[PDB]
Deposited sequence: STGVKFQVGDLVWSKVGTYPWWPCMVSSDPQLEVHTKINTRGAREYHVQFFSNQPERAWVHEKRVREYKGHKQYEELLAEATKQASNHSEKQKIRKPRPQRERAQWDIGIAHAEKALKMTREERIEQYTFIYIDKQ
């Protein structure tokens, strides 16, 4: 366990670029971390965006969020070619980054109060 509830992280999921997230407790399992069916550690995260979403993400696809300018360093981990990004996706990402930048200025306790999602059955 490297991350706790309220920690700001970048998550790399599916076809999406490294995305600003907050580690949170799964609403049903009541854990923020688990070992998956393949025996690997996963973290439960909230995606910062105008579209609220959550996911279990493999620990290898999670990085500590130190700031928005870290994005270049993440692309450099893959090792000049640059992938373009769609305008709609870039816009949601900019909203996510804006929230992440405000969250980074808060303590872990303030982030949890401000951003933890409300789940409705």
{"property": "Segments lacking C-alpha coordinates (deposited sequence numbering, starting at 1)", "result": "1-3, 83-92, 135-136"}
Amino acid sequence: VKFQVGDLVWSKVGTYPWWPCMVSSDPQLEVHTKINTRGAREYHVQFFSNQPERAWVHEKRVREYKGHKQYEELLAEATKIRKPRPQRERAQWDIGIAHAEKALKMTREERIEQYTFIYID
From here on, numbers count along this sequence of modelled residues.
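Basically, rigid core = biggest C-alpha set you can superpose within 1.5 Å across the two forms.
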item	value
Core-fitted comparison in 9 other deposited structures of this protein, 37-45 vs 91-99, farther C-alphas	37-45
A78: gap in at least one third of other compared structures	yes
Of 16-24 and 102-110, the stretch whose C-alpha atoms average the higher B-factor in the entry	102-110
86-94 versus 38-46 - greater average Cα B-factor per the deposited record	86-94
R63 CA temperature factor, ranked by third within the chain	middle
Third of chain Cα B-factors occupied by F117	lowest
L75 CA temperature factor, ranked by third within the chain	highest
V31 CA temperature factor, ranked by third within the chain	middle
